[PDB]
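If you want the building blocks of each chain, they are given just below.
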Amino acid sequence: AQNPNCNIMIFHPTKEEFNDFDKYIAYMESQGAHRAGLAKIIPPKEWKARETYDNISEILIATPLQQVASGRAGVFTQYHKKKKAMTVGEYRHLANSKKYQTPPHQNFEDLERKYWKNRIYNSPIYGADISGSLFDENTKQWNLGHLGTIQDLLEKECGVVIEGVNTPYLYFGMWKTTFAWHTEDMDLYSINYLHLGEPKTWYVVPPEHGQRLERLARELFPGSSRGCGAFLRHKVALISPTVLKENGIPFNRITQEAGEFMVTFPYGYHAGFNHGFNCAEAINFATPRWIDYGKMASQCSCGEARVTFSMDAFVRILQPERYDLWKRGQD
Ligand SMILES: O=C(O)CNC(=O)C(=O)O
Ligand code: NI
Ligand SMILES: [Zn+2]
């Protein structure tokens with residue numbers, strides 16, 4: 001078996017290898033990349049997402065989210081307080097202000113230490129889930145707005161045609177902005193391109209050990225666990241690497257820099273934080289190997305998770321027994 005220790009693998013495709021997206025995902029998996037839950041892909045030197053990022057300041061962040069923490073430094077939840085709309089230019093200025101800017105630090109490890117020590121004492125503001133793309137339409141390789149759709153994958157594999165669409169989202173972050181422990185909707189893949197700015201540090205649990213993280217989460221957030229059998233779907237819970245280590249949870253970490261892709265694999269729990277002002281673009285996708293994960297994916301039915309239109313068909317076709325209860329949670 002390839003990659004039995006479930007290490008995060010890093011790939012350097014040639015420009016020739018960068019033509020066929022599906023084929024390269026399949027290649028990465030042939031090398032065991034999926035066992036980690038997360039892989040890094042460094043694009044060939046000849047590739048570019050777009051010409052420049054000089055004209056992005058007028059993009060609107062309609063609902064910036066202030067991420068307010070509760071708990072202890074290594075075990076906390078965050079809720080999102082809606083703030084007034086601001087442009088990306090205004091957001092960048094805010095990110096760079098004395099109140100919100102990245103502190104002096106020696107290296108990534110030093111900054112990681114500062115993050116877990118001090119995160120809960122601040123409430124950074126995040127521009128998340130903004131529908132759109134920064135890929136040039138003429139970028140033909142690994143353009144996250146031009147991927148084959150999950151609906152077409154399901155149709156190709158299972159022969160049923162379904163409604164729904166599948167488009168990318170932009171994320172504008174600043175120092176300490178945080179993504180909570182989660183897997184993707186329907187335990188899909190995700191792919192994330194860091195367009196511009198400061199790094200993003202990722203933590204990931206191997207898919208074969210996902211239930212170990214779930215069990216610890218139930219212990220650490222007992223009220224939440226009683227309220228919902230799949231509360232990590234709420235995407236609000238954080239657990240530090242120190243606490244994971246103390247509890248023997250297998251995981252890995254890696255820092256993504258501008259110009260790099262990350263892929264998360266089905267049922268790979270991940271969490272992380274941004275080092276400073278940046279912009280990422282991400283989208284979910286599927287492969288034939290995903291179908292069995294989609295069939296088995298946990299669902300939140302307590303009403304908190306509240307997801308896209310397009311997830312309806314996924315649950316309806318892949319999980320017909322769960323469909324009634326789940327839909328009650330969406331309505
Ligand atoms: O970048 C973020 O804030 C969160 N991204 C993801 O969880 C992802 O790409 O799957
Ligand atoms: Ni994700
Ligand atoms: Zn729930």
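In this view, residue numbering begins from 1 on each chain in the order the sequence is written and may differ from the entry, while residues that lack coordinates are not shown. Naming scheme: in the order in which they are written, chains are lettered from A and ligands are numbered from 1. As a rule here, side-chain values come from all non-hydrogen atoms in the structure, and water together with hydrogens is ignored. Residues with missing side-chain atoms are left out of burial classes, side-chain pairs and their counts.

Header annotation of the entry names X-ray crystallography as the structure determination method and lists the resolution as 1.4800 Å.

Here is the UniProt Catalytic activity comment for the protein, exactly as written: "N(6),N(6),N(6)-trimethyl-L-lysyl(9)-[histone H3] + 2 2-oxoglutarate + 2 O2 = N(6)-methyl-L-lysyl(9)-[histone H3] + 2 formaldehyde + 2 succinate + 2 CO2". In UniProt, the protein has this text filed under Subcellular location: "Nucleus". UniProt positions are given in the numbering used here, feature names are shortened, and annotations may be inferred rather than shown by experiment.

In the UniProt entry, the feature "domain: JmjC" is given for residues 136-302. Secondary structure elements are defined from DSSP: runs of H or I of at least 4 residues count as helices, runs of E of at least 2 residues count as strands, and each element is numbered from the N terminus. Strand forms 31% of residues 136-302 and helix 23%; the C-alpha atoms that close the span are 40 Å apart.

The backbone of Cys6 sits at a positive phi, close to 65°, despite the residue not being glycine. On the basis of relative accessibility, which here comes to 3%, the residue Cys6 falls in the buried class. Phi is positive for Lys176, which is not a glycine, with a value near 75°. Looking at the secondary structure, you find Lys176 in the loop between strand 8 (169-173) and strand 9 (178-182). When accessible area is computed with a 1.4 Å probe and restricted to protein chains, residues below 20% of their type maximum are described as buried, those above 50% as exposed, and intermediate ones as partly exposed. Classification of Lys176 by relative accessible area gives buried; the value is 7%.

We now examine the site of ligand 1. Nearness is defined per residue: one heavy atom within 4 Å of the molecule or strand is enough. Around ligand 1, the structure places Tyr126, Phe179, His182, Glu184, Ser190, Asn192, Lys200, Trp202, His270 and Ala282. Pairs of N or O atoms within 3.5 Å make up the polar contacts considered here, provided that, within protein, one atom can donate a hydrogen while the other can accept it, and that residues adjacent in sequence are counted only when both atoms are side-chain atoms. In the environment of ligand 1, an oxygen atom lies 3.0 Å from a nitrogen or oxygen atom belonging to the side chain of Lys200. Accessibility throughout is a Shrake-Rupley quantity obtained with a 1.4 Å probe, and a residue counts as covered only by protein chains that appear here. When ligand 1 sits alone it has 290 Å² of accessible area, and the protein chains cover 94% of it. If you list the elements that add at least two residues to the shell around ligand 1, you get strand 9, strand 10 (189-197) and strand 11 (200-205). Polar here means any residue other than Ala, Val, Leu, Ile, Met, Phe, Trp, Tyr, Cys and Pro, which are nonpolar, and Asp, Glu, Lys and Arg, which are charged; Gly is therefore polar. By residue class, the composition of the shell around ligand 1 is four nonpolar, four polar and two charged.

Quick look at the coordination of the zinc ion (ligand 3) now. Coordination shells were defined by N, O and S atoms within 2.8 Å of each metal, extended to 3.2 Å for Na, K and Ca; water is absent from the atom set, which can make sites look incomplete. Looking at the zinc ion (ligand 3), the protein donor atoms are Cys228 (SG), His234 (NE2), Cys300 (SG) and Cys302 (SG), and they sit 2.1 to 2.3 Å from it. Here the donor residues of the zinc ion (ligand 3) are spaced in sequence according to C-x5-H-x65-C-x1-C. Of this pair, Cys228 sits in the loop between helix 6 (222-227) and strand 12 (237-239) while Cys300 is found in the loop between helix 8 (290-296) and helix 9 (311-318), placing the two residues 72 residues apart along the sequence. Using a relative accessible area of 4% as the deciding quantity, one classes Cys300 as buried.

Protein coordination at the nickel ion (ligand 2): the donors are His182 (NE2), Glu184 (OE) and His270 (NE2), at 2.0 to 2.2 Å from the metal. As a motif over one chain, the donors of the nickel ion (ligand 2) read H-x1-E-x85-H. One end of the pair, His182, is in strand 9; the other, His270, is in strand 15 (residues 269-274), and 88 residues separate them in sequence.

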